[PDB]
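Colleague: Mind having a look at this structure? Questions to follow.
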Amino acid sequence: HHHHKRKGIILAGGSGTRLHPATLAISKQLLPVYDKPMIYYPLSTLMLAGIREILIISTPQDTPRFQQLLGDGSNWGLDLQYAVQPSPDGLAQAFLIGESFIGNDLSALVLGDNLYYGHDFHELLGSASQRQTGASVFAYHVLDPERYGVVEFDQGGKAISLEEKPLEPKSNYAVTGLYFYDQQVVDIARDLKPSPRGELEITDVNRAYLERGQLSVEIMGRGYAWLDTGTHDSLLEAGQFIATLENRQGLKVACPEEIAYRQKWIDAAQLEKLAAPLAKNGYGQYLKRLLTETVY
Amino acid sequence: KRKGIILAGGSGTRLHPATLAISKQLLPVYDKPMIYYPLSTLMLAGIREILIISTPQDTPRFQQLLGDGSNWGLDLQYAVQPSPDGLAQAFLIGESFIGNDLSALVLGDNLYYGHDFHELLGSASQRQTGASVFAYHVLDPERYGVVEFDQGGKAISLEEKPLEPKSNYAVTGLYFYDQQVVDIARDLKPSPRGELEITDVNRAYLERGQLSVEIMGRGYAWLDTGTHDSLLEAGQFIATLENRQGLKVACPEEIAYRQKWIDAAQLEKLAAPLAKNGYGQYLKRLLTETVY
Amino acid sequence: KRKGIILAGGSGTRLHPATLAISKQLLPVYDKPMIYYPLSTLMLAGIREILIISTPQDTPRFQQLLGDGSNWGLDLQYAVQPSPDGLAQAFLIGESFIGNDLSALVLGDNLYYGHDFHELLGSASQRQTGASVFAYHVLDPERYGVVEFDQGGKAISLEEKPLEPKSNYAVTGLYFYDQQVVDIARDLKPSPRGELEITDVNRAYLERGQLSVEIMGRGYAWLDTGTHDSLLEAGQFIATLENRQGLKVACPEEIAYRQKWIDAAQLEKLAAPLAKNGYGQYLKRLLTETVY
Amino acid sequence: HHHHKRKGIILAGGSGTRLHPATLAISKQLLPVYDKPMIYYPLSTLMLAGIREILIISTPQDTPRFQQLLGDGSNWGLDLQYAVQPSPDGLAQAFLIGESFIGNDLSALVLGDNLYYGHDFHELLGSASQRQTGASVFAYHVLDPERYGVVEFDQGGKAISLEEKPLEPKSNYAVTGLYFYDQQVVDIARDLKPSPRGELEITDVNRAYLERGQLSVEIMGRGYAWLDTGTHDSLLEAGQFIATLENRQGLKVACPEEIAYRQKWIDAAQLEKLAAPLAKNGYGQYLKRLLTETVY
Ligand SMILES: CN(c1c(N)n(Cc2ccc(Br)cc2)c(=O)[nH]c1=O)S(=O)(=O)c1ccccc1
Ligand SMILES: CN(c1c(N)n(Cc2ccc(Br)cc2)c(=O)[nH]c1=O)S(=O)(=O)c1ccccc1
Ligand SMILES: CN(c1c(N)n(Cc2ccc(Br)cc2)c(=O)[nH]c1=O)S(=O)(=O)c1ccccc1
Ligand SMILES: CN(c1c(N)n(Cc2ccc(Br)cc2)c(=O)[nH]c1=O)S(=O)(=O)c1ccccc1
Ligand SMILES: [Cl-]
Ligand SMILES: [Cl-]
Ligand SMILES: [Cl-]
Ligand SMILES: [Cl-]
């Protein structure tokens with residue numbers, strides 16, 4: 001039968017019991033990093049990549065809290081839809097849950113607990129999303145590559161293997177929780193078998209693209225900060241890091257209102273209304289300052 | 001016998017958007033939910049029957065977190081504050097819970113630390129008549145109830161958020177009352193800023209010579225949770241203590257255990273669901289380590 | 001009468017390159033030089049005659065920083081440790097300074113904080129015979145002198161950096177001795193790792209039943225300065241206390257002032273050269289504020 | 001009479017009494033930021049700009065400590081010379097003190113207490129130093145522009161005024177403590193008169209270049225961190241910021257040995273020797289890892 005843009009997914013489900021009891025009353029991706037909820041950072045990340053149709057995947061328990069926080073996205077020039085993940089059966093599951101949302105479009109997956117910062121981050125995202133076929137991932141040098149998907153490179157910089165949490169990592173380059181995919185991903189994810197843990201592995205997805213000669217791995221250099229939210233200690237460092245940048249600059253990191261404003265998905269009048277309910281705190285005052293300041 | 005209340009109500013829009021999705025006192029300070037700290041404080045004071053007051057939206061979540069308390073040897077109840085009309089409203093909402101008993105109120109977002117905290121709370125809770133509060137030296141007393149002392153160290157006035165504070169001594173968020181507080185609370189009128197003021201309660205006792213203001217010395221940490229920057233500093237402070245010591249601040253299960261409100265067997269069971277993380281490992285280690 | 005020693009000697013190459021240019025105990029923890037903290041500790045213990053031992057390179061700089069002590073009502077002297085041959089060498093270098101008197105040793109990079117620290121030090125310094133030390137629960141006891149206690153709480157062994165620690169109780173860097181320590185130090189032989197061990201001194205008193213090990217409870221902060229990460233945590237801990245309180249930890253001038261070793265007029269003069277910064281402003285405010 | 005590259009200056013003199021008593025025993029620029037002395041960061045910054053001949057200006061009291069720390073630079077492929085600043089008479093004084101060092105060459109001034117971090121920092125420095133005439137400065141958005149030299153821009157992005165610590169800043173763009181100059185600077189600095197404070201102002205120097213149509217002002221964007229070392233509080237945040245980046249990555253910020261190595265001012269054998277004396281700590285172990293790791 002005859003036939004004739006990129007959608008975003010934020011996976012913000014269960015971190016199981018790993019951070020209990022801190023996370024007994026709410027999901028991790030609603031905990032604040034400094035002044036804003038965690039999910040603002042990966043959300044702003046998708047927005048920075050130019051993505052406006054976004055699916056937020058969470059637990060059944062917490063979907064209402066995400067919905068209360070973010071609405072349908074139309075205040076920030078977005079359309080946000082919602083899906084639930086009954087059981088934390090792995091990251092690749094986002095594509096089965098997100099199958100009808102994705103449709104026949106390209107996609108991007110971002111972990112709902114991943115924080116990024118740096119210069120020309122916009123352009124780094126822009127190059128990944130412009131690649132219309134294949135998958136694109138980012139490799140970041142870390143102290144503890146054993147905890148991550150690890151990329152092995154040959155002498156000419158070419159990616160030649162991927163291993164999920166190897167005990168003896170071939171390099172210190174970890175695959176970050178930000179992923180760009182073409183229209184082949186749903187089918188790749190549908191045919192995965194659970195790993196020995198009992199999860200549908202994103203690293204198997206990425207390996208399938210690697211075996212087709214269609215995985216781009218770009219370096220996210222050391223001049224970027226890819227922050228750890230894995231532990232209570234790392235969470236605290238993430239808050240301190242953002243607080244230090246924000247107090248130094250009088251500018252915010254991953255303020256979604258700002259990113260919409262600079263993308264011109266919202267205008268001055270719209271942003272002025274969003275500042276009204278928050279006028280008596282620093283966040284609404286910050287939104288108001290953005291209306292009459294040129295920031296390069 | 002003394003009953004406890006934790007007022008863990010709404011902090012307006014002051015910390016939005018971080019508190020949009022959920023109330024402050026369910027956010028963590030480092031490894032545990034903020035409310036673990038004031039709950040632990042009441043438990044250290046020997047108080048086992050405790051009323052938790054939160055917004056109507058968040059009461060299910062406090063309930064889900066803490067249950068009826070029986071697993072930690074407590075008897076928890078729950079009640080709602082529909083609107084943030086002032087801290088003294090705790091005694092009106094809590095009137096039937098209190099009954100004819102002595103009471104203590106702690107604010108749901110106040111963190112305490114220090115040597116002999118147990119005996120400081122115990123000397124306040126043993127005082128069967130009158131009211132006991134604590135005064136603590138702060139940088140910014142305008143934000144609090146401010147105690148003025150005469151040259152003999154005797155408290156002579158209390159002012160709520162004065163524009164010109166008389167000293168740097170702030171009343172902490174921890175209050176012990178006798179059987180008169182309910183009746184004093186019932187007679188309160190709203191202040192200029194629309195609230196039933198805990199400070200007017202304390203002023204009623206001060207006017208009868210019945211307010212014991214004890215100094216919480218500079219060797220105690222009373223931590224600030226009122227701003228994003230201070231919520232952060234507190235996490236860092238707790239983390240530095242717990243990583244130095246291999247011991248936890250305000251772990252309710254440990255406090256129950258050392259009060260002997262639960263025995264070894266029950267603590268073992270509590271450590272089971274969390275066995276794979278540090279928090280349950282910590283509980284397990286408490287069974288066979290002597291900590292002075 | 002009891003004399004003090006601060007051992008502020010070399011920490012090898014362990015923290016290089018940060019300590020290449022200058023010794024650790026002249027680096028700041030937040031607003032003040034590390035040594036202000038242990039010096040303040042000795043002063044809180046009532047000790048006014050104090051010997052500062054540093055490397056030969058850095059003694060001029062300790063001298064330049066602190067002078068003879070007379071401006072703060074102290075009597076400071078100085079001596080050198082040519083090589084880091086162990087903490088017990090303090091008593092050999094310090095032999096003639098000590099004379100026939102009681103002594104206390106504090107390590108130059110140890111930070112203490114807590115309620116009733118004054119009375120904890122005072123009960124140790126009042127014990128005119130034997131030796132008093134403090135045991136503190138830590139995560140990593142292998143790094144320290146480790147106390148083992150029997151079931152009655154009585155100390156029964158000390159091991160320096162054991163591979164298999166018997167408890168989590170570390171001996172802190174703060175030691176009170178009677179008139180026997182010099183003679184015990186003189187008889188020490190170097191350990192396998194080439195040092196005159198403070199732990200062998202304490203073991204000599206333990207074998208005579210003369211070692212008082214008191215618990216420094218979990219409500220005290222004994223902060224770690226041994227790593228870059230811990231030096232940082234300490235700055236953050238001090239900063240959080242001082243910014244919350246508008247009061248300083250281990251300001252020597254305040255301690256002198258409250259001991260009444262200097263009077264109002266002398267404190268005023270001390271606040272003059274620093275008047276344009278917070279540290280001198282702080283000193284000036286101490287003249288006309290009552291702090292309990 | 002007939003005639004026929006860029007030198008660096010680090011100003012690391014007195015911060016007066018402002019941080020006393022912390023700075024009573026040593027100068028500020030020898031205090032560590034996390035694991036390394038402060039002066040390593042601006043030094044590495046000059047090295048990143050490709051500058052190998054560098055003059056360190058300090059107090060007479062502390063010149064030996066700087067010399068003990070850094071030597072003559074030949075271990076790191078540099079030549080380091082030393083000068084003293086008897087009295088803290090302003091930043092522009094570096095050019096009178098440095099006059100014979102500079103000679104007839106181009107120059108760069110960096111404050112000895114300035115910390116920078118970000119992606120493509122190398123390329124940002126490269127563009128400033130390639131400009132062979134005029135001066136080049138960097139403008140950075142900050143919360144407290146009143147404390148700094150402030151750049152005013154017109155509607156087309158063009159710099160039109162500079163004011164030193166204005167009470168009512170025309171923008172939030174502060175001039176950073178990193179400056180590139182052509183051969184005119186010594187003469188400009190010689191003819192300055194002290195300000196009402198009694199200092200030779202770097203902002204007057206920069207204004208003189210602006211009045212000649214020869215000041216380039218480039219934006220150092222918000223994706224860079226220009227950290228504050230002005231206060232005990234900011235110092236502590238600077239240490240936390242570096243510690244968080246370093247523990248996350250297993251890579252160092254402004255390790256001078258590394259920068260020399262990557263510039264190829266030193267070779268593998270030379271770097272191996274520099275690791276020998278530090279082998280039992282993390283810093284020497286880090287130098288050793290750099291010998292057999294490819295880091296992009
Ligand atoms: C610091 N960054 C940042 C930047 N650069 N910007 C400016 C910006 C926003 C949108 C566009 Br279109 C181009 C520039 C912003 O408004 N908020 C930001 O957080 S970032 O590009 O590194 C970043 C963006 C989104 C999430 C996390 C980091
Ligand atoms: C550090 N403190 C503390 C202490 N002291 N203890 C020991 C202890 C617990 C219960 C009892 Br009856 C006696 C001693 C504990 O198990 N957990 C603690 O967090 S504390 O008394 O300052 C404290 C207790 C509760 C909440 C906040 C601080
Ligand atoms: C916070 N502490 C402290 C206290 N408590 N005081 C008050 C004080 C000082 C001297 C005396 Br005689 C009695 C009380 C002070 O002036 N400075 C302090 O730093 S402390 O006793 O825990 C302490 C003292 C000295 C070094 C480190 C901590
Ligand atoms: C994080 N940065 C950094 C980087 N990028 N590098 C890598 C690098 C070093 C030299 C060259 Br030629 C090209 C790349 C490094 O070895 N150490 C560094 O600190 S940086 O460019 O932002 C920087 C360099 C020097 C001082 C402060 C920051
Ligand atoms: Cl980079
Ligand atoms: Cl105290
Ligand atoms: Cl204690
Ligand atoms: Cl940028």
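If you're wondering about the labels, chains in the structure tokens are A, B, ... by order shown, residues count from 1 in each chain, ligands from 1 in order shown.
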With only C-alpha atoms considered, list every residue of chain C at most 10 Å from chain B, as JSON, numbers by chain.
Modeller: {"C": [113, 114, 115, 116, 117, 135, 136, 137, 138, 139, 140, 141, 149, 151, 153, 167, 168, 169, 215, 216, 217, 218, 219, 220, 221, 222, 223, 224, 230, 233, 234, 236, 237, 238, 239, 240, 241, 242, 243, 244, 245, 246, 247, 248, 249, 289, 290, 291, 292]}
Colleague: Using N, CA and C atoms, can you export the residues from the last selection as a compact mmCIF listing (two decimals), in the first residue's frame?
Modeller:
# COMPACT_ATOMS: atom_id res chain seq x y z
N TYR C 113 34.84 20.57 66.93
CA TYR C 113 33.69 21.43 67.20
C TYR C 113 32.67 20.69 68.07
N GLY C 114 32.05 21.40 69.01
CA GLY C 114 30.87 20.88 69.70
C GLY C 114 30.49 21.60 70.98
N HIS C 115 29.27 21.31 71.42
CA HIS C 115 28.73 21.84 72.65
C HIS C 115 29.47 21.26 73.88
N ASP C 116 29.76 22.13 74.84
CA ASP C 116 30.54 21.76 76.03
C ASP C 116 31.95 21.15 75.72
N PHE C 117 32.57 21.57 74.62
CA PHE C 117 33.98 21.23 74.33
C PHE C 117 34.88 21.75 75.47
N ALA C 135 38.54 8.95 72.18
CA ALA C 135 38.18 7.98 71.16
C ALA C 135 36.88 8.42 70.47
N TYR C 136 36.88 8.38 69.14
CA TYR C 136 35.82 8.95 68.31
C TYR C 136 35.47 7.94 67.23
N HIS C 137 34.18 7.71 67.00
CA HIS C 137 33.76 6.72 66.02
C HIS C 137 34.01 7.28 64.62
N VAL C 138 34.81 6.56 63.83
CA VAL C 138 35.07 6.88 62.42
C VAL C 138 34.75 5.76 61.45
N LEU C 139 34.54 6.13 60.18
CA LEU C 139 34.33 5.16 59.11
C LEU C 139 35.55 4.27 58.83
N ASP C 140 36.75 4.83 59.00
CA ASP C 140 37.99 4.25 58.48
C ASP C 140 39.05 4.16 59.60
N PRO C 141 38.84 3.30 60.60
CA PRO C 141 39.75 3.32 61.74
C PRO C 141 41.22 2.89 61.44
N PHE C 149 37.81 -1.82 73.31
CA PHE C 149 37.11 -1.82 74.59
C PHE C 149 36.56 -3.22 74.89
N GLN C 151 33.55 -5.51 77.26
CA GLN C 151 32.09 -5.31 77.34
C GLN C 151 31.63 -4.32 78.39
N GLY C 153 32.99 -1.38 78.69
CA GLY C 153 33.48 -0.09 78.20
C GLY C 153 34.91 0.26 78.60
N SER C 167 37.92 -2.17 66.56
CA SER C 167 36.68 -1.41 66.64
C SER C 167 36.74 -0.32 65.60
N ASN C 168 35.73 0.54 65.60
CA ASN C 168 35.74 1.77 64.79
C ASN C 168 36.13 3.02 65.56
N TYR C 169 36.70 2.84 66.74
CA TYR C 169 37.11 3.94 67.58
C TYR C 169 38.58 4.32 67.37
N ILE C 215 35.20 8.86 75.58
CA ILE C 215 34.52 8.91 74.29
C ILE C 215 34.24 10.35 73.93
N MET C 216 34.64 10.74 72.72
CA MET C 216 34.22 11.99 72.17
C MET C 216 33.04 11.56 71.34
N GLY C 217 31.84 11.89 71.84
CA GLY C 217 30.60 11.41 71.24
C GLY C 217 30.33 11.89 69.82
N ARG C 218 29.37 11.22 69.19
CA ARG C 218 28.95 11.57 67.83
C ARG C 218 28.39 12.98 67.63
N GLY C 219 28.04 13.64 68.73
CA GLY C 219 27.63 15.05 68.68
C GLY C 219 28.76 16.05 68.56
N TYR C 220 30.00 15.57 68.61
CA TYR C 220 31.17 16.39 68.30
C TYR C 220 31.57 16.12 66.87
N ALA C 221 32.00 17.18 66.20
CA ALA C 221 32.66 17.07 64.94
C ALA C 221 34.18 17.06 65.20
N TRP C 222 34.84 15.96 64.84
CA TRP C 222 36.30 15.90 64.73
C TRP C 222 36.59 15.79 63.21
N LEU C 223 37.01 16.89 62.58
CA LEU C 223 37.14 16.90 61.12
C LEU C 223 38.48 16.42 60.58
N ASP C 224 38.34 15.78 59.42
CA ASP C 224 39.41 15.14 58.69
C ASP C 224 40.10 16.20 57.80
N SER C 230 38.84 16.02 52.01
CA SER C 230 38.46 16.31 53.39
C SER C 230 38.80 17.76 53.84
N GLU C 233 35.72 19.66 52.47
CA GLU C 233 34.62 19.41 53.42
C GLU C 233 34.69 20.20 54.73
N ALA C 234 35.90 20.39 55.27
CA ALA C 234 36.09 21.11 56.54
C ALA C 234 35.81 22.58 56.40
N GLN C 236 33.85 23.88 54.17
CA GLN C 236 32.42 23.96 53.94
C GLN C 236 31.64 23.85 55.27
N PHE C 237 32.15 23.01 56.17
CA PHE C 237 31.53 22.76 57.46
C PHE C 237 31.66 24.00 58.36
N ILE C 238 32.86 24.55 58.42
CA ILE C 238 33.09 25.75 59.15
C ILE C 238 32.26 26.89 58.56
N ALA C 239 32.20 27.02 57.24
CA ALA C 239 31.51 28.15 56.60
C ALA C 239 30.01 28.14 56.88
N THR C 240 29.41 26.96 56.77
CA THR C 240 28.04 26.74 57.11
C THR C 240 27.69 27.09 58.58
N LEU C 241 28.59 26.81 59.52
CA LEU C 241 28.38 27.17 60.93
C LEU C 241 28.46 28.67 61.14
N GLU C 242 29.52 29.28 60.63
CA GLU C 242 29.74 30.71 60.82
C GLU C 242 28.73 31.60 60.08
N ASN C 243 28.20 31.16 58.94
CA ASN C 243 27.24 31.98 58.18
C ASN C 243 25.80 31.87 58.70
N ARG C 244 25.49 30.73 59.30
CA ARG C 244 24.26 30.50 60.02
C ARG C 244 24.17 31.33 61.30
N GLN C 245 25.27 31.32 62.07
CA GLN C 245 25.33 31.88 63.41
C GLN C 245 25.69 33.36 63.53
N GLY C 246 26.45 33.88 62.57
CA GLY C 246 27.15 35.16 62.77
C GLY C 246 28.11 35.09 63.93
N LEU C 247 28.67 33.89 64.17
CA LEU C 247 29.67 33.63 65.22
C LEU C 247 30.75 32.72 64.60
N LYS C 248 31.99 32.86 65.07
CA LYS C 248 33.15 32.17 64.51
C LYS C 248 33.55 30.98 65.37
N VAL C 249 34.02 29.93 64.68
CA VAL C 249 34.65 28.80 65.29
C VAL C 249 36.14 29.14 65.35
N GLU C 289 28.48 43.01 72.27
CA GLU C 289 27.43 42.00 72.16
C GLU C 289 27.66 40.94 73.22
N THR C 290 26.60 40.61 73.93
CA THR C 290 26.59 39.52 74.89
C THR C 290 26.25 38.25 74.11
N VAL C 291 27.15 37.26 74.15
CA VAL C 291 26.94 35.99 73.46
C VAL C 291 27.03 34.94 74.54
N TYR C 292 25.97 34.16 74.71
CA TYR C 292 25.90 33.17 75.78
C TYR C 292 26.61 31.89 75.35
Colleague: When the cut-off is 9 Å and we count only C-alpha atoms, which residues of chain C are near chain D, given as number ranges by chain?
Modeller: C: 13-22, 26-34, 61-62, 64-65, 228-229, 231-233, 235-236, 239, 273-274, 276-279
Colleague: Put those residues in a file: N, CA and C atoms, as a CSV table (one decimal), in the first residue's frame.
Modeller:
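And here is the file that came out, again_8.csv:
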chain,number,residue,atom,x,y,z
C,13,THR,N,55.1,14.2,51.0
C,13,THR,CA,54.7,14.7,49.7
C,13,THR,C,53.2,14.3,49.4
C,14,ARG,N,52.5,13.8,50.4
C,14,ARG,CA,51.2,13.2,50.3
C,14,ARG,C,50.1,14.2,49.6
C,15,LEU,N,50.2,15.5,49.9
C,15,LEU,CA,49.3,16.5,49.3
C,15,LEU,C,49.9,17.4,48.3
C,16,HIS,N,51.1,17.1,47.8
C,16,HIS,CA,51.8,17.8,46.7
C,16,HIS,C,51.0,17.7,45.4
C,17,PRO,N,50.9,18.7,44.6
C,17,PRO,CA,51.7,20.0,44.7
C,17,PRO,C,51.1,21.1,45.6
C,18,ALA,N,49.9,20.8,46.2
C,18,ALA,CA,49.3,21.9,47.0
C,18,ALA,C,50.1,22.4,48.2
C,19,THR,N,50.9,21.5,48.7
C,19,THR,CA,51.7,21.8,49.9
C,19,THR,C,53.2,21.9,49.5
C,20,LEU,N,53.5,22.0,48.2
C,20,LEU,CA,54.9,22.2,47.8
C,20,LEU,C,55.4,23.5,48.4
C,21,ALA,N,54.8,24.6,48.0
C,21,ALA,CA,55.1,26.0,48.4
C,21,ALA,C,55.1,26.3,49.9
C,22,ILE,N,54.3,25.6,50.7
C,22,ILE,CA,54.1,25.9,52.1
C,22,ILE,C,53.3,24.8,52.9
C,26,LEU,N,49.6,26.1,57.7
C,26,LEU,CA,49.5,27.5,57.3
C,26,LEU,C,48.4,27.8,56.2
C,27,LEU,N,47.9,26.8,55.6
C,27,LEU,CA,46.8,26.9,54.6
C,27,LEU,C,45.5,27.2,55.4
C,28,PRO,N,44.6,27.9,54.8
C,28,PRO,CA,43.3,28.2,55.6
C,28,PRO,C,42.3,27.1,55.5
C,29,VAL,N,41.6,27.0,56.6
C,29,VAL,CA,40.2,26.3,56.6
C,29,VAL,C,39.3,27.5,56.6
C,30,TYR,N,38.6,27.7,55.5
C,30,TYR,CA,37.7,28.9,55.3
C,30,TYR,C,38.4,30.3,55.6
C,31,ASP,N,38.1,30.9,56.7
C,31,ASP,CA,38.6,32.3,56.9
C,31,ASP,C,39.9,32.4,57.6
C,32,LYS,N,40.4,31.3,58.2
C,32,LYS,CA,41.6,31.4,59.0
C,32,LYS,C,42.6,30.3,58.8
C,33,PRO,N,43.8,30.5,59.2
C,33,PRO,CA,44.9,29.5,59.1
C,33,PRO,C,44.6,28.3,59.9
C,34,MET,N,44.8,27.1,59.3
C,34,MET,CA,44.6,25.9,60.0
C,34,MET,C,45.0,25.8,61.4
C,61,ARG,N,57.6,31.4,59.4
C,61,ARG,CA,56.3,31.8,59.0
C,61,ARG,C,55.3,31.6,60.1
C,62,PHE,N,55.4,30.6,60.9
C,62,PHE,CA,54.6,30.4,62.1
C,62,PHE,C,54.9,31.6,63.1
C,64,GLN,N,56.1,34.6,62.4
C,64,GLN,CA,55.6,35.8,61.8
C,64,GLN,C,54.1,35.9,61.9
C,65,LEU,N,53.4,34.8,61.8
C,65,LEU,CA,51.9,34.7,61.9
C,65,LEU,C,51.5,35.0,63.4
C,228,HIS,N,42.7,16.1,50.1
C,228,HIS,CA,42.2,17.3,49.5
C,228,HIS,C,40.7,17.4,49.6
C,229,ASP,N,40.0,16.3,49.5
C,229,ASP,CA,38.6,16.2,49.6
C,229,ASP,C,38.1,16.5,51.0
C,231,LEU,N,39.9,18.3,53.3
C,231,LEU,CA,40.3,19.7,53.6
C,231,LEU,C,39.2,20.7,53.1
C,232,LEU,N,38.6,20.3,52.0
C,232,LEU,CA,37.5,21.0,51.4
C,232,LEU,C,36.2,20.9,52.2
C,233,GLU,N,35.7,19.7,52.5
C,233,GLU,CA,34.6,19.4,53.4
C,233,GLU,C,34.7,20.2,54.7
C,235,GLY,N,36.3,23.2,55.3
C,235,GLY,CA,36.0,24.6,55.0
C,235,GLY,C,34.5,24.8,54.8
C,236,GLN,N,33.8,23.9,54.2
C,236,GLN,CA,32.4,24.0,53.9
C,236,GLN,C,31.6,23.8,55.3
C,239,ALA,N,32.2,27.0,57.2
C,239,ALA,CA,31.5,28.1,56.6
C,239,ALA,C,30.0,28.1,56.9
C,273,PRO,N,43.6,46.8,62.8
C,273,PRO,CA,44.2,46.6,61.5
C,273,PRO,C,43.4,45.8,60.5
C,274,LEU,N,42.4,45.0,61.0
C,274,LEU,CA,41.5,44.3,60.2
C,274,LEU,C,40.1,44.9,60.0
C,276,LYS,N,38.5,46.9,58.0
C,276,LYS,CA,37.9,46.9,56.7
C,276,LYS,C,37.4,45.6,56.2
C,277,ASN,N,37.8,44.5,56.8
C,277,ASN,CA,37.2,43.2,56.5
C,277,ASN,C,36.3,42.6,57.6
C,278,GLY,N,35.6,41.5,57.3
C,278,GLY,CA,34.7,40.8,58.2
C,278,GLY,C,35.3,40.4,59.5
C,279,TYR,N,36.6,40.0,59.4
C,279,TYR,CA,37.3,39.4,60.6
C,279,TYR,C,37.5,40.5,61.7
Colleague: Considering only C-alpha atoms, extract the chain D residues located within 10 Å of chain A and return them as a count of residues only.
Modeller: 49
Colleague: Using only C-alpha atoms, which protein or nucleic acid residues come within 10 Å of residue 184 of chain B? Drop anything in the same chain fewer than 2 positions from it, and give the result as a JSON list (two decimals) with C-alpha atoms, in the first residue's frame.
Modeller:
[["chain", "number", "residue", "atom", "x", "y", "z"],
["B", 88, "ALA", "CA", -0.23, 28.18, 66.23],
["B", 91, "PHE", "CA", -2.78, 23.38, 68.43],
["B", 92, "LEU", "CA", -6.31, 24.00, 67.04],
["B", 179, "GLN", "CA", -1.86, 21.81, 79.29],
["B", 180, "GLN", "CA", -2.53, 25.55, 78.72],
["B", 181, "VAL", "CA", -1.42, 25.88, 75.08],
["B", 182, "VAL", "CA", -4.67, 24.74, 73.42],
["B", 186, "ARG", "CA", -8.03, 29.22, 70.84],
["B", 187, "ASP", "CA", -7.96, 32.87, 72.09],
["B", 188, "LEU", "CA", -5.43, 34.07, 69.47],
["B", 200, "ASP", "CA", 1.91, 35.18, 70.60],
["B", 201, "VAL", "CA", 1.55, 31.77, 72.26],
["B", 202, "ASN", "CA", 5.08, 32.13, 73.72],
["B", 204, "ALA", "CA", 1.30, 34.54, 76.69],
["B", 205, "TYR", "CA", 3.58, 32.29, 78.74]]
Colleague: Near residue 145 of chain B, within 6 Å and counting only C-alpha atoms, which residues show up once chain neighbours fewer than 6 positions away are dropped, as a PyMOL selection string?
Modeller: chain B and resi 159-161+170-171
Colleague: For the structure I just gave you, how does DSSP split segment 11-159 of chain D - specifically, which residues are strand (DSSP E or B)? Reply as a PyMOL selection string.
Modeller: chain D and resi 11+32-33+36-37+53-58+79-84+106-111+115-117+135-141+149-153+159
Colleague: Could those selected residues go to a file with C-alpha atoms, as a compact mmCIF listing (two decimals), in the first residue's frame?
Modeller:
# COMPACT_ATOMS: atom_id res chain seq x y z
CA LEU D 11 50.27 39.18 38.20
CA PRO D 32 45.30 25.64 46.71
CA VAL D 33 42.15 25.36 44.69
CA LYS D 36 46.77 22.36 43.16
CA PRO D 37 48.12 25.81 43.88
CA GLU D 53 58.06 32.87 27.99
CA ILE D 54 56.32 34.03 31.13
CA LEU D 55 57.05 36.60 33.84
CA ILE D 56 55.66 35.95 37.29
CA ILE D 57 55.19 39.11 39.29
CA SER D 58 54.86 38.72 43.08
CA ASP D 79 61.05 29.80 30.45
CA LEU D 80 59.93 31.52 33.62
CA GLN D 81 61.37 34.76 34.90
CA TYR D 82 60.51 36.64 38.11
CA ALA D 83 59.82 40.20 39.13
CA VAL D 84 58.63 41.84 42.36
CA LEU D 106 53.31 41.16 21.90
CA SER D 107 52.04 40.25 25.38
CA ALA D 108 49.32 38.69 27.49
CA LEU D 109 48.41 39.55 31.06
CA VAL D 110 46.58 37.12 33.35
CA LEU D 111 45.56 37.58 36.97
CA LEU D 115 40.23 30.33 37.08
CA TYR D 116 38.72 29.42 33.70
CA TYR D 117 37.07 26.26 32.38
CA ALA D 135 44.16 44.56 22.44
CA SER D 136 41.77 41.67 23.04
CA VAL D 137 39.63 41.17 26.17
CA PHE D 138 36.86 38.82 27.22
CA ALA D 139 33.39 39.84 28.49
CA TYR D 140 31.53 37.52 30.84
CA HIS D 141 28.00 37.80 32.16
CA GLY D 149 35.25 46.61 34.63
CA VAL D 150 31.97 46.66 32.69
CA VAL D 151 31.58 46.72 28.91
CA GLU D 152 28.60 48.52 27.36
CA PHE D 153 27.42 47.26 23.94
CA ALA D 159 31.57 47.67 22.47
